[PDB]
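A.B. asks: Following this message is one structure expressed as structure tokens.
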Amino acid sequence: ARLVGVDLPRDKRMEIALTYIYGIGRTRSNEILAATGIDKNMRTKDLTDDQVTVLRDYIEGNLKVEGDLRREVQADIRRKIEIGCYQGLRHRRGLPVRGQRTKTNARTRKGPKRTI
Amino acid sequence: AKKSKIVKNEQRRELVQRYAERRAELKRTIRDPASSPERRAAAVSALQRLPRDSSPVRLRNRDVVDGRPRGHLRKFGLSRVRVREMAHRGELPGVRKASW
Amino acid sequence: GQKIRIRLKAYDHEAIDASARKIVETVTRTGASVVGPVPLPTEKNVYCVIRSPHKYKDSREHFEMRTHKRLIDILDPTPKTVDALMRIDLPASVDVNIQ
Amino acid sequence: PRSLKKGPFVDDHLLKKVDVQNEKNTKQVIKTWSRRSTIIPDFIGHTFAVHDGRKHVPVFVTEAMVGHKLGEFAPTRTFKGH
Amino acid sequence: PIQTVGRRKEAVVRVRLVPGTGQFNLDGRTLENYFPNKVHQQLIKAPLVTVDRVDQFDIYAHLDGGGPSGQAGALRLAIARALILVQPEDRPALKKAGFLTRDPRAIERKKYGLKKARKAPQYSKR
Amino acid sequence: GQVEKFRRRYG
Amino acid sequence: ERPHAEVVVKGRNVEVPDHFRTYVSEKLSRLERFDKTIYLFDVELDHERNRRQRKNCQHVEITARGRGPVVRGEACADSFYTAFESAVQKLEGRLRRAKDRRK
Amino acid sequence: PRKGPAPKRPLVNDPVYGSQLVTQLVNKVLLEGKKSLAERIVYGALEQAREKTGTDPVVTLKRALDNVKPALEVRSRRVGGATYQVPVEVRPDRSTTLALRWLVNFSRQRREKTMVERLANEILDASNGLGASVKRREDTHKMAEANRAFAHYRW
RNA sequence: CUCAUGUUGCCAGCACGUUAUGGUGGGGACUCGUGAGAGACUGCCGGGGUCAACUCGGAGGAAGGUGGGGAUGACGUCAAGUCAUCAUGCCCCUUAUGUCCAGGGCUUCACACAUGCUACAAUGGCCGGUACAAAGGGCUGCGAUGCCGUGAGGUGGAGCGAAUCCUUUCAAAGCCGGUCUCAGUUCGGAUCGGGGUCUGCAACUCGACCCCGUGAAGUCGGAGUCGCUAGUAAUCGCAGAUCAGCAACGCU
């Protein structure tokens, strides 16, 4: 079905379904369904548009979205990269930030093992 | 290792016995509850005014004679090497090589 | 009845045994009630090391500072018998817990 | 981090220096050795020089730099590539 | 009365071999609520199979130590020993089967210079 | 950015 | 596999002019020439710096990977050149022998 | 064993079936100590075969084993510049064992969504004469035929 | 395996509380714990053997043929390593190569190598319910009972110098039940943005933990190569010390 921008799956229990939005994990999913009063052992196939409306209401009332989340990620990163912080310097260099290894590992942030 | 730092560890222990006994602990008793003056204490600041050697964190358990500062054993106050040698010379209470 | 519990500690079983026998003999003198040397288990403190300096960690040496233990529950505490027992001098590998 | 209940680490030396500066209501360059002090927005106009193991670096403070320690803005390691 | 013992790698269990039914008691439960494993059941019952005395002797025992397998082995050992105490003449067909040997396969001390008992680290020649 | 509220949470 | 000879130049504590590096890489290419089985060449350039020495100032350890059998050449001399060349000739003996026994 | 071999372990009989090749089977499919898991998998699969065939699964099992169990296999040797493969007869112990090894390892790479189903269908297929186990056994006989020439070595 | 043996541990025959329960009086009965001691020695039956060693089959026995594992490293080499555990012969410093201090670094990184851990899934992941282990550690230390916090933890201190109390009456893999249905997924968890907890004067460089969101590379791995013969391998978990607090997946 359609929602805040994720073309939802079909054979996925709702706890699994909601998680395919950028702003949700299983914790928030279960919490939302508890607030909504609808079971989680259902299918998008047997889903109701009124229930979709309830879902939309709760999430847009008490949670942020794709755009807000990605904008805010950019906001923190542009903040700490323009104010001259150590974290921001590492973000510029494409390097780990939390005090990790640089000598050997950290190919997840350096890219694949291009040989030198 | 060095007579200097051995002396310094001893001296820090004495400074501890002076001030970490009460004057670096009653402020923690100030700082633990919710009813503290932390709102306006500056007991944090008076603690900063106390020396750095107030704390036992700046200590280091050195071997009582040699001062091999690593490989310390608190059961003995000694380092692994002297412990070997003297257990090995049979100069300790009920200490022996073992099996199981 | 009234009870008194003595918990002995030492490193050498030979000494704990000899002292237990001498003590129970002194208890036997004044007819005071004995339970005897009820064996508790042993402690096994272990402290591994390395033999040599600067490297060779694969080589090691173990040590074990045990502590043998005995309970001797004494009953019928005649204070004359207490005056007898309190003031025996024993080998120094033993320490005692009169309670 | 320095938890709420304790309150921040705003060390007494430069606290006293800034008390002087804001009681005079004029703001000047300041030299300090304390990376470990966190920030209040009281410092926004104030200017600090901070040590890199080698020398000092005068640096000006700003609104959004609060919640941080100054050593975040003092570069410790030079690295230039290969 | 009858009272005997079995042991298999820290699996001690005492046994009261009653002349009753084949009703088993294992600290307030039975051979299928405790030990839901038919292989363990087979190990425990095989002496009864041997002497053809299933449903002739009840048991009361206490679980203590070990895990399921050690407990089962110690149990059948103790039962065999109780049967020898009831009558020796079944013995020469039991050691024939080895339902009497106290399994001397115990754990090895984890040694030094290794990761565990025998698995050394990867020996590079570099 | 919302530092006036940061140091209402922090005091 | 031609640049696959994993050069490893190194000296614990020596004044190492960077033309010694040219020497080493060239003398190791010289045996790239006649052994196409090569992965690793860990190499040292060591110095004992004792007084009133026993005629043997510098020292070298060399080891090389082949497909299975690894090679080992150790040497000793007064300076860089005899060390390089001597360990080279010992490796040459090893490798002539290895490619004679390979078939 | 430069001084000599040592005995084989005394397999138990099955509590349910009356055959020690089944305990051998669970101990060859075992992985990471989960012996009871092996047990329940095998019993479920054999009873699946029972409802597939209306009879005991043990007979079709041993029939599959008659299909996939060789008595001849290969044993290499390096000689004179070119290593030669050689036929060598196989005693029934290692015959059954290697047959079961084939059986499991070519069961694992099937697509029945579940080991119990993969295994049961493989056993049925080998009783029928279709399994990759049988295929590999035929490849082994093919090799022995291609290299009969080296039997005079008698080794 | 025998004798002795009874608390802080067993507790059958007994009695008494009966929800938390050996909980308490009571019995040394099985365990048990700690001490002493017989027992295995080709000792014995037989077959081979210079009739010698020695070995091949048997009995009993718990074990059978140096029962198993440890500890114990002949002379000596490798001018192996250690003048930084220590001590030491020589030369050098002494207004400094010494020495007291605050900051920083030893955690840098375009790469290579070596040791390991969790993964690449259905023998599986997730949720729920239920059971049995040994082992050690603990005083200006260990810490629950009740509750709040999502949970890290939070005041509180019973009770313990300790088979008593904390160590849940000591666990996890496992058993049973429900869903997921072969997939870049309910795999996998990195990396990163937030918000918090704790120890410390102090968490930026440079700490661990928690919650939220984030959800990457990776689809069993080349030449070749490491380890392992029995409770061994392979796997799950726990504990201890060094420790203020942590890189502990390491070590034992």
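In the structure tokens, each chain is lettered A, B, ... as it comes, each chain's residues begin at 1, and ligands are numbered from 1 in order of appearance.
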List every residue of chain D that DSSP, applied to the backbone of this structure, places in strand (DSSP E or B), and write the result as a list in words.
C.D. replies: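 Listing strand (DSSP E or B) positions across chain D yields residues 29, 30, 31, 38, 47, 48, 49, 50, 51, 56, 57, 58, 59, 60 and 69 of chain D.
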A.B. asks: Can you list, as a list in words, every residue of chain C that DSSP puts in helix (DSSP H, G or I)?
C.D. replies: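 Filtering chain C to helix (DSSP H, G or I) leaves residues 13, 14, 15, 16, 17, 18, 19, 20, 21, 22, 23, 24, 25, 26, 27, 28, 29, 79, 80, 81, 82, 83, 84 and 85 of chain C.
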A.B. asks: Return as a ChimeraX atom specification the residues belonging to chain H that are within 12 Å of chain I, counting only C-alpha atoms (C1' of nucleotides).
C.D. replies: /H:1,5-9,26,29-42,108,110-117
A.B. asks: To one decimal place, how far is atom CA of residue C:96 from atom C1' of residue I:5 in Å?
C.D. replies: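 Between atom CA of residue C:96 and atom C1' of residue I:5 the gap works out to 22.5 Å.
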A.B. asks: When you draw a straight line from atom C1' of residue I:219 to atom CA of residue H:135, how long is it in Å?
C.D. replies: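 If I compute the distance from atom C1' of residue I:219 to atom CA of residue H:135, I get 26.5 Å.
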A.B. asks: For stretch 25-33 of chain G, find every residue with an atom within 10 Å (counting only C-alpha atoms (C1' of nucleotides)), except residues of its own chain fewer than 4 positions away, and show them as a PDB file with C-alpha atoms, in the first residue's frame.
C.D. replies:
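part.pdb was written with the following content:
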ATOM      1  CA  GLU G   1      53.482 -11.724 -10.434  1.00  0.00           C
ATOM      2  CA  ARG G   2      56.206  -9.364 -11.526  1.00  0.00           C
ATOM      3  CA  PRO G   3      55.621  -6.459  -9.094  1.00  0.00           C
ATOM      4  CA  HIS G   4      54.020  -9.076  -6.794  1.00  0.00           C
ATOM      5  CA  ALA G   5      57.394  -9.441  -5.049  1.00  0.00           C
ATOM      6  CA  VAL G   7      59.304  -5.662  -1.092  1.00  0.00           C
ATOM      7  CA  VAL G   8      59.949  -5.086   2.604  1.00  0.00           C
ATOM      8  CA  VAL G   9      62.860  -2.737   3.204  1.00  0.00           C
ATOM      9  CA  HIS G  19      70.064   4.584  -2.509  1.00  0.00           C
ATOM     10  CA  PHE G  20      70.499   1.478  -0.350  1.00  0.00           C
ATOM     11  CA  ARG G  21      66.792   1.091  -1.102  1.00  0.00           C
ATOM     12  CA  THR G  37      56.792 -18.194  -7.429  1.00  0.00           C
ATOM     13  CA  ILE G  38      57.297 -15.312  -5.033  1.00  0.00           C
ATOM     14  CA  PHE G  41      60.355 -10.957   1.153  1.00  0.00           C
ATOM     15  CA  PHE G  84      73.461  -7.556   0.418  1.00  0.00           C
ATOM     16  CA  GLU G  85      75.623  -9.536  -1.983  1.00  0.00           C
ATOM     17  CA  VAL G  88      71.902 -12.661  -2.328  1.00  0.00           C
ATOM     18  CA  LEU G  91      69.525 -17.138  -1.691  1.00  0.00           C
ATOM     19  CA  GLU G  92      70.852 -17.971  -5.140  1.00  0.00           C
ATOM     20  CA  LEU G  95      66.869 -21.131  -5.206  1.00  0.00           C
TER      21      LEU G  95
END
A.B. asks: Which residues are close to residue B:82, i.e. within 9 Å by only C-alpha atoms (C1' of nucleotides), leaving aside same-chain residues fewer than 6 positions away? Reply as JSON, numbers by chain.
C.D. replies: {"B": [66], "I": [85, 86]}
A.B. asks: Which polymer residues have any atom within 8 Å of an atom of stretch 1-5 of chain D, counting only C-alpha atoms (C1' of nucleotides), with same-chain residues fewer than 5 positions away left out, as a PDB file with N, CA, C and O atoms (P, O5', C5', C4', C3', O3' and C1' of nucleotides), in the first residue's frame?
C.D. replies:
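The resulting file, out.pdb, is shown below:
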ATOM      1  N   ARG F   9      17.922  22.002  30.251  1.00  0.00           N
ATOM      2  CA  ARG F   9      18.051  20.598  30.616  1.00  0.00           C
ATOM      3  C   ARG F   9      19.282  20.370  31.483  1.00  0.00           C
ATOM      4  O   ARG F   9      19.238  19.593  32.444  1.00  0.00           O
ATOM      5  N   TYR F  10      20.386  21.037  31.158  1.00  0.00           N
ATOM      6  CA  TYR F  10      21.615  20.959  31.931  1.00  0.00           C
ATOM      7  C   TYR F  10      21.596  21.910  33.119  1.00  0.00           C
ATOM      8  O   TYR F  10      22.422  21.766  34.026  1.00  0.00           O
TER       9      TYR F  10
ATOM     10  P     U I 197      21.999  11.613  32.810  1.00  0.00           P
ATOM     11  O5'   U I 197      22.410  10.107  33.105  1.00  0.00           O
ATOM     12  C5'   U I 197      21.448   9.203  33.618  1.00  0.00           C
ATOM     13  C4'   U I 197      22.041   7.855  33.918  1.00  0.00           C
ATOM     14  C3'   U I 197      23.336   7.867  34.699  1.00  0.00           C
ATOM     15  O3'   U I 197      23.124   8.093  36.080  1.00  0.00           O
ATOM     16  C1'   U I 197      23.528   6.358  32.904  1.00  0.00           C
ATOM     17  P     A I 203      34.580  15.950  32.478  1.00  0.00           P
ATOM     18  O5'   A I 203      35.121  14.986  31.346  1.00  0.00           O
ATOM     19  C5'   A I 203      34.212  14.258  30.541  1.00  0.00           C
ATOM     20  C4'   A I 203      34.936  13.502  29.466  1.00  0.00           C
ATOM     21  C3'   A I 203      34.043  12.956  28.360  1.00  0.00           C
ATOM     22  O3'   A I 203      34.680  13.114  27.100  1.00  0.00           O
ATOM     23  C1'   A I 203      35.214  11.174  29.412  1.00  0.00           C
TER      24        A I 203
END
A.B. asks: Residues of chain B were defined as contacting chain F if any atom lay at most 12 Å from it, counting only C-alpha atoms; please report them as an MDAnalysis selection string.
C.D. replies: chainID B and resid 38:40
A.B. asks: Quick one: write out the picked residues with C-alpha atoms as a PDB file, in the first residue's frame?
C.D. replies:
ATOM      1  CA  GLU B  38      24.921  21.746  43.811  1.00  0.00           C
ATOM      2  CA  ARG B  39      22.500  24.390  42.585  1.00  0.00           C
ATOM      3  CA  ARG B  40      24.931  26.866  44.168  1.00  0.00           C
TER       4      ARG B  40
END
A.B. asks: Near chain H, meaning an atom within 12 Å, which residues of chain E appear when counting only C-alpha atoms? Write them as a list in words.
C.D. replies: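 Only these qualify: residues 35, 36, 37, 38, 39, 40, 41, 42, 43, 44, 45, 46, 49, 68, 69, 97 and 98 of chain E.
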A.B. asks: Do a neighbour search on residue B:41 at 10 Å with only C-alpha atoms (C1' of nucleotides), toss out local chain neighbours closer than 6 positions, and write the hits as a PyMOL selection string.
C.D. replies: chain B and resi 27+30-31
A.B. asks: Report the distance between atom CA of residue H:120 and atom CA of residue H:10 in Å, rounded to one decimal place.
C.D. replies: 26.9 Å
A.B. asks: List the spatial neighbours of stretch 46-55 of chain B as a PDB file with N, CA and C atoms (P, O5', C5', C4', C3', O3' and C1' of nucleotides), in the first residue's frame - criterion: any atom at most 12 Å away, only C-alpha atoms (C1' of nucleotides), same-chain residues fewer than 5 positions off excluded.
C.D. replies:
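Saved file out-v1.pdb follows:
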ATOM      1  N   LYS B   8      57.795   9.418  45.268  1.00  0.00           N
ATOM      2  CA  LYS B   8      56.608  10.190  44.944  1.00  0.00           C
ATOM      3  C   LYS B   8      55.340   9.399  45.201  1.00  0.00           C
ATOM      4  N   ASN B   9      55.348   8.107  44.885  1.00  0.00           N
ATOM      5  CA  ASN B   9      54.184   7.283  45.184  1.00  0.00           C
ATOM      6  C   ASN B   9      53.942   7.231  46.684  1.00  0.00           C
ATOM      7  N   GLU B  10      55.012   7.062  47.463  1.00  0.00           N
ATOM      8  CA  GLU B  10      54.877   7.088  48.917  1.00  0.00           C
ATOM      9  C   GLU B  10      54.287   8.413  49.394  1.00  0.00           C
ATOM     10  N   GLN B  11      54.801   9.516  48.862  1.00  0.00           N
ATOM     11  CA  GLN B  11      54.357  10.832  49.288  1.00  0.00           C
ATOM     12  C   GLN B  11      52.904  11.070  48.906  1.00  0.00           C
ATOM     13  N   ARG B  12      52.498  10.595  47.729  1.00  0.00           N
ATOM     14  CA  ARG B  12      51.103  10.710  47.337  1.00  0.00           C
ATOM     15  C   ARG B  12      50.211   9.909  48.268  1.00  0.00           C
ATOM     16  N   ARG B  13      50.673   8.738  48.712  1.00  0.00           N
ATOM     17  CA  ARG B  13      49.888   7.974  49.677  1.00  0.00           C
ATOM     18  C   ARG B  13      49.727   8.745  50.977  1.00  0.00           C
ATOM     19  N   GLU B  14      50.764   9.475  51.379  1.00  0.00           N
ATOM     20  CA  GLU B  14      50.653  10.255  52.608  1.00  0.00           C
ATOM     21  C   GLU B  14      49.693  11.430  52.429  1.00  0.00           C
ATOM     22  N   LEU B  15      49.767  12.106  51.282  1.00  0.00           N
ATOM     23  CA  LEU B  15      48.821  13.179  50.990  1.00  0.00           C
ATOM     24  C   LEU B  15      47.396  12.649  50.951  1.00  0.00           C
ATOM     25  N   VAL B  16      47.232  11.435  50.434  1.00  0.00           N
ATOM     26  CA  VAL B  16      45.933  10.785  50.454  1.00  0.00           C
ATOM     27  C   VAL B  16      45.458  10.613  51.885  1.00  0.00           C
ATOM     28  N   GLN B  17      46.301  10.033  52.743  1.00  0.00           N
ATOM     29  CA  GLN B  17      45.925   9.832  54.138  1.00  0.00           C
ATOM     30  C   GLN B  17      45.568  11.149  54.815  1.00  0.00           C
ATOM     31  N   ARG B  18      46.180  12.248  54.377  1.00  0.00           N
ATOM     32  CA  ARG B  18      45.769  13.560  54.871  1.00  0.00           C
ATOM     33  C   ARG B  18      44.361  13.901  54.411  1.00  0.00           C
ATOM     34  N   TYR B  19      44.171  14.014  53.098  1.00  0.00           N
ATOM     35  CA  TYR B  19      43.037  14.762  52.571  1.00  0.00           C
ATOM     36  C   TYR B  19      41.948  13.888  51.981  1.00  0.00           C
ATOM     37  N   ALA B  20      42.288  12.790  51.314  1.00  0.00           N
ATOM     38  CA  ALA B  20      41.225  11.913  50.838  1.00  0.00           C
ATOM     39  C   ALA B  20      40.543  11.168  51.974  1.00  0.00           C
ATOM     40  N   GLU B  21      41.074  11.259  53.193  1.00  0.00           N
ATOM     41  CA  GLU B  21      40.397  10.709  54.354  1.00  0.00           C
ATOM     42  C   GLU B  21      39.034  11.359  54.535  1.00  0.00           C
ATOM     43  N   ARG B  22      39.011  12.691  54.589  1.00  0.00           N
ATOM     44  CA  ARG B  22      37.785  13.437  54.858  1.00  0.00           C
ATOM     45  C   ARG B  22      37.489  14.551  53.869  1.00  0.00           C
ATOM     46  N   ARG B  23      38.478  15.322  53.432  1.00  0.00           N
ATOM     47  CA  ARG B  23      38.187  16.561  52.723  1.00  0.00           C
ATOM     48  C   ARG B  23      37.938  16.311  51.239  1.00  0.00           C
ATOM     49  N   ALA B  24      38.324  15.133  50.737  1.00  0.00           N
ATOM     50  CA  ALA B  24      37.983  14.692  49.390  1.00  0.00           C
ATOM     51  C   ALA B  24      36.888  13.635  49.383  1.00  0.00           C
ATOM     52  N   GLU B  25      36.176  13.458  50.497  1.00  0.00           N
ATOM     53  CA  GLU B  25      35.104  12.477  50.621  1.00  0.00           C
ATOM     54  C   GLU B  25      33.804  13.083  51.121  1.00  0.00           C
ATOM     55  N   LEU B  26      33.882  14.030  52.053  1.00  0.00           N
ATOM     56  CA  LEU B  26      32.664  14.664  52.528  1.00  0.00           C
ATOM     57  C   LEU B  26      32.010  15.470  51.420  1.00  0.00           C
ATOM     58  N   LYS B  27      32.801  15.974  50.474  1.00  0.00           N
ATOM     59  CA  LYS B  27      32.220  16.652  49.325  1.00  0.00           C
ATOM     60  C   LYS B  27      31.508  15.673  48.403  1.00  0.00           C
ATOM     61  N   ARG B  28      31.962  14.426  48.354  1.00  0.00           N
ATOM     62  CA  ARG B  28      31.198  13.428  47.618  1.00  0.00           C
ATOM     63  C   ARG B  28      29.884  13.161  48.326  1.00  0.00           C
ATOM     64  N   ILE B  30      28.353  15.395  49.950  1.00  0.00           N
ATOM     65  CA  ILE B  30      27.574  16.549  49.510  1.00  0.00           C
ATOM     66  C   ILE B  30      26.948  16.271  48.156  1.00  0.00           C
ATOM     67  N   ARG B  31      27.714  15.684  47.248  1.00  0.00           N
ATOM     68  CA  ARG B  31      27.370  15.643  45.839  1.00  0.00           C
ATOM     69  C   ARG B  31      26.498  14.448  45.468  1.00  0.00           C
ATOM     70  N   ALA B  41      26.494  25.155  44.979  1.00  0.00           N
ATOM     71  CA  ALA B  41      27.547  24.660  45.858  1.00  0.00           C
ATOM     72  C   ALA B  41      28.878  25.326  45.551  1.00  0.00           C
ATOM     73  N   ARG B  60      49.676   4.528  41.956  1.00  0.00           N
ATOM     74  CA  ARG B  60      50.055   3.414  41.109  1.00  0.00           C
ATOM     75  C   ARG B  60      50.767   2.400  41.985  1.00  0.00           C
TER      76      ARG B  60
ATOM     77  N   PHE D   9      31.859  20.829  33.801  1.00  0.00           N
ATOM     78  CA  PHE D   9      33.228  21.085  34.228  1.00  0.00           C
ATOM     79  C   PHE D   9      33.629  22.412  33.607  1.00  0.00           C
ATOM     80  N   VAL D  10      33.532  23.459  34.402  1.00  0.00           N
ATOM     81  CA  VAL D  10      33.871  24.807  33.992  1.00  0.00           C
ATOM     82  C   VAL D  10      34.874  25.303  35.020  1.00  0.00           C
ATOM     83  N   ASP D  11      36.147  25.112  34.707  1.00  0.00           N
ATOM     84  CA  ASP D  11      37.195  25.170  35.711  1.00  0.00           C
ATOM     85  C   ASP D  11      37.410  26.586  36.233  1.00  0.00           C
ATOM     86  N   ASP D  12      37.883  26.639  37.477  1.00  0.00           N
ATOM     87  CA  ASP D  12      37.765  27.848  38.276  1.00  0.00           C
ATOM     88  C   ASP D  12      38.680  28.940  37.766  1.00  0.00           C
ATOM     89  N   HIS D  13      39.827  28.566  37.204  1.00  0.00           N
ATOM     90  CA  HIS D  13      40.775  29.566  36.734  1.00  0.00           C
ATOM     91  C   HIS D  13      40.154  30.452  35.665  1.00  0.00           C
ATOM     92  N   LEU D  15      37.089  30.456  34.754  1.00  0.00           N
ATOM     93  CA  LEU D  15      35.855  31.009  35.305  1.00  0.00           C
ATOM     94  C   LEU D  15      36.128  32.355  35.970  1.00  0.00           C
ATOM     95  N   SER D  37      37.710  21.883  30.007  1.00  0.00           N
ATOM     96  CA  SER D  37      36.574  22.693  30.411  1.00  0.00           C
ATOM     97  C   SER D  37      35.511  22.700  29.322  1.00  0.00           C
TER      98      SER D  37
ATOM     99  P     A I 102      51.414  18.376  37.020  1.00  0.00           P
ATOM    100  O5'   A I 102      50.723  19.203  35.852  1.00  0.00           O
ATOM    101  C5'   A I 102      49.809  20.243  36.155  1.00  0.00           C
ATOM    102  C4'   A I 102      49.425  21.032  34.929  1.00  0.00           C
ATOM    103  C3'   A I 102      49.095  20.235  33.672  1.00  0.00           C
ATOM    104  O3'   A I 102      47.759  19.757  33.650  1.00  0.00           O
ATOM    105  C1'   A I 102      50.595  21.956  33.124  1.00  0.00           C
ATOM    106  P     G I 200      33.780   8.123  42.145  1.00  0.00           P
ATOM    107  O5'   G I 200      34.951   8.729  41.256  1.00  0.00           O
ATOM    108  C5'   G I 200      36.297   8.351  41.482  1.00  0.00           C
ATOM    109  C4'   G I 200      37.194   8.817  40.365  1.00  0.00           C
ATOM    110  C3'   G I 200      37.459  10.309  40.316  1.00  0.00           C
ATOM    111  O3'   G I 200      38.536  10.698  41.154  1.00  0.00           O
ATOM    112  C1'   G I 200      36.792   9.559  38.177  1.00  0.00           C
ATOM    113  P     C I 201      38.267  11.464  42.540  1.00  0.00           P
ATOM    114  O5'   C I 201      38.285  13.005  42.137  1.00  0.00           O
ATOM    115  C5'   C I 201      37.607  13.431  40.969  1.00  0.00           C
ATOM    116  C4'   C I 201      37.632  14.919  40.784  1.00  0.00           C
ATOM    117  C3'   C I 201      37.181  15.397  39.414  1.00  0.00           C
ATOM    118  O3'   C I 201      35.776  15.551  39.347  1.00  0.00           O
ATOM    119  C1'   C I 201      39.183  16.512  40.081  1.00  0.00           C
ATOM    120  P     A I 202      34.884  14.501  38.532  1.00  0.00           P
ATOM    121  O5'   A I 202      35.500  14.556  37.069  1.00  0.00           O
ATOM    122  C5'   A I 202      35.345  15.728  36.295  1.00  0.00           C
ATOM    123  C4'   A I 202      36.586  16.058  35.510  1.00  0.00           C
ATOM    124  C3'   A I 202      36.612  15.578  34.074  1.00  0.00           C
ATOM    125  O3'   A I 202      35.912  16.448  33.210  1.00  0.00           O
ATOM    126  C1'   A I 202      38.706  15.173  35.122  1.00  0.00           C
ATOM    127  P     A I 244      43.380   0.858  39.936  1.00  0.00           P
ATOM    128  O5'   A I 244      42.158   1.538  40.687  1.00  0.00           O
ATOM    129  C5'   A I 244      41.204   0.741  41.366  1.00  0.00           C
ATOM    130  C4'   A I 244      39.855   1.410  41.413  1.00  0.00           C
ATOM    131  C3'   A I 244      38.927   1.136  40.240  1.00  0.00           C
ATOM    132  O3'   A I 244      38.290  -0.133  40.329  1.00  0.00           O
ATOM    133  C1'   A I 244      38.977   3.449  40.663  1.00  0.00           C
TER     134        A I 244
END
A.B. asks: Restrict the distance test to only C-alpha atoms (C1' of nucleotides), flag each residue of chain A within 6 Å of chain I, and return the flagged residues as a ChimeraX atom specification.
C.D. replies: /A:73,102-103,116
